[PDB]
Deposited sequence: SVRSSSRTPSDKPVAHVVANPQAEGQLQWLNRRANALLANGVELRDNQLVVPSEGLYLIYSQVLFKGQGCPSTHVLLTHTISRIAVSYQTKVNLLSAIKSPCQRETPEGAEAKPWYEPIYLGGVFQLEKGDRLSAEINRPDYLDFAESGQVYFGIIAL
């Protein structure tokens, strides 16, 4: 007998270079028990505690003239307050100095447990999609699990 818990695990679209496009229609991605993917956002079908999680992976070749700040932010748009409240975020600086040019890899991971309401819209956003790495699958993903 299947579980009735709302869950989702969506993944970056690897041919959408220069963007972060979440897919549920791809090998090993899923929407279940009422969770929708609408306008690049996950939509919560019932109230409760959810674990939210996400990973993005950034990659560059050597360090450029201008200072690089990589961010990843998960936000919540409630029906009763329809503007992005940040739930989780992290900043990373992959580069100490300008390359005086080996690859660097900087992942950012965000997870937490939050109360959510029906109709909640969750977004998972980066500032620099030009540094995303879509080399193989499994690197960039976003999901929720009702507790």
| query | Which runs of the deposited chain sequence never show up in the coordinates? | reply | 1-7, 108-111
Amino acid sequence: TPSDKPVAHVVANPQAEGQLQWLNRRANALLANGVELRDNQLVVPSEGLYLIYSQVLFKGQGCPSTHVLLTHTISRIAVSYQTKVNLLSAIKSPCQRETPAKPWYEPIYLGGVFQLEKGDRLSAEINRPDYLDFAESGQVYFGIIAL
From here on, numbers count along this sequence of modelled residues.
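Think of the rigid core as the biggest set of C-alphas that the two forms share within 1.5 Å after superposition.
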| Divergent stretch in 6 other deposited structures of this protein, 132-140 or 14-22 [C-alpha RMS, superposed by the core] | 132-140
| said: Once everything is fitted on the core, do the CA positions of 55-63 or those of 111-119 lie farther from the shown form in 6 other deposited structures of this protein? | reply: 55-63
| said: Among the other entries of this protein that were compared (only those with both neighbours built), does residue 92 lack coordinates in at least a third? | reply: no
| Other entries modelling both neighbours but not residue 42, at least a third | no
| request: Identify the stretch, either 65-73 or 28-36, whose C-alpha atoms have the larger mean B-factor according to the entry. | output: 65-73
| query | In the PDB record, does 101-109 or 50-58 carry the higher mean Cα temperature factor? | reply | 101-109
| task | Could you tell me which one of 88, 42, 79, 85 shows the highest CA temperature factor in the PDB record? | result | 85
| field | Ranked against its chain, the third holding the CA B-factor of residue 132 | value | middle
| query | Considering only modelled residues of the same chain, in which third does the CA B-factor of residue 146 rank: lowest, middle or highest? | reply | middle
| Once the chain's modelled residues are ordered by C-alpha B factor and cut into thirds, is residue 116 in the lowest, middle or highest one? | middle
